[PDB]
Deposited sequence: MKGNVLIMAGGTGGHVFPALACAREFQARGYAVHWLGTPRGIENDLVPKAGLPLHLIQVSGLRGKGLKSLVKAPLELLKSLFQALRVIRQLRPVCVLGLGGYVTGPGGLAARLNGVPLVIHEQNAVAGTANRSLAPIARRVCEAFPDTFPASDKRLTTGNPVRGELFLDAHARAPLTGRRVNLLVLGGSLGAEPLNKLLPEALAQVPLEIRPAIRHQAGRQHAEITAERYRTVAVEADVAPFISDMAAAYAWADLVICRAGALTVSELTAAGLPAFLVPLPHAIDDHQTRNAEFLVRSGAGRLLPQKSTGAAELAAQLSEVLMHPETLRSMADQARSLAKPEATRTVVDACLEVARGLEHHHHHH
């Protein structure tokens, strides 16, 4: 029958859901999506060929519930899977009111306010990171099959310039856009890596000028759809510690320098704890300090191979199947 997937806002909620949508489709189920206007599901969900049902101070919360109650009443789904955003709260409750089974998924290291409110009413609570829910099943984060790379995906580092990928993420954090050109100018041009910077949608034009003025050289973009290609090119990542970028770095088996209820700092810790990632706090690390940290791994790239070997082992390839298996066991 029909399946309802509720997710929106940023890529961290929309992308694990698009991967779940592909899995339900291969099993012979009709997937329908639950979103809100303005969010990024309006860009991605219609492109995937999937039906987008849109939802819109307590009287405002009830308006969202009526619309969600209607969408569920019309689709009579076998299961409803929530993944994050404003949508899951009124959507997940609507699912219970109509006696339709509900499964929730938490991408982050600390559970979200909606996921904490919805967990007691869900049949299965799927978690990405361990210890996030005090109880439930640890599936990991559902990552796009294409983002899974082996240690043969890239050329040896020895006698080659390192490729540096700077990630936004989904909206394109600002800071990083400022810190990177200033920091990269202090790194000798003999060791300076090749740069691909994913700035914001409104910050791509300005981040280009920032690199241009300090005389660096980078391929600055607002957003990259060709992510499997972006990860294969990269030897090192300097990123934001959003749930999916963290889980994708493991699938891609990539060393990272992460700049993160302190959800991101905890997300970064799961890489850091094993030696897969390196924690660089925003409030502390200046342009001089990032340059010095980069300089040591460029001078000694064998460091990147150990970080990559550890990252590859933290990947959870069955994250998508087990989330969908948890939905279809209760459906």
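Residues of the deposited sequence that lack C-alpha coordinates fall in the stretches 1-2, 59-72, 152-154, 280-284, 356-365.
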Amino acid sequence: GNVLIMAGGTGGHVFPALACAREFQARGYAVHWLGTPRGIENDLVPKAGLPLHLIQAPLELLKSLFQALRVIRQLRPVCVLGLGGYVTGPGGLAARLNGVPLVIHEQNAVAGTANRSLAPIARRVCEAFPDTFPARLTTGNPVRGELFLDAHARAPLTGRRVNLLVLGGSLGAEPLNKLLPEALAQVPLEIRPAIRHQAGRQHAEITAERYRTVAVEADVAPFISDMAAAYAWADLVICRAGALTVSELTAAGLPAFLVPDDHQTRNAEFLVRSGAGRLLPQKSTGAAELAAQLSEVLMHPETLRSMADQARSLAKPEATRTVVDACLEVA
From here on, numbers count along this sequence of modelled residues.
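Look at the mean CA B-factor for 107-115 and for 239-247 in the entry; the higher one is 107-115. In the deposited coordinates, the residue among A215, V143, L149, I191 with the greatest CA B-factor is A215. Among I206, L165, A256, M227, the highest C-alpha B-factor in the deposited entry belongs to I206. Remark: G35 belongs to the lowest third of its chain, ranked by C-alpha B-factor as recorded.
The deposited CA B-factor of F133 belongs to the highest third of values across its chain. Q56: CA B factor in the highest third of modelled residues in this chain (values from the PDB entry).
Split the chain's modelled residues into thirds by C-alpha temperature factor. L179 is in the middle one.
Remark: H13 belongs to the lowest third of its chain, ranked by C-alpha B-factor as recorded.
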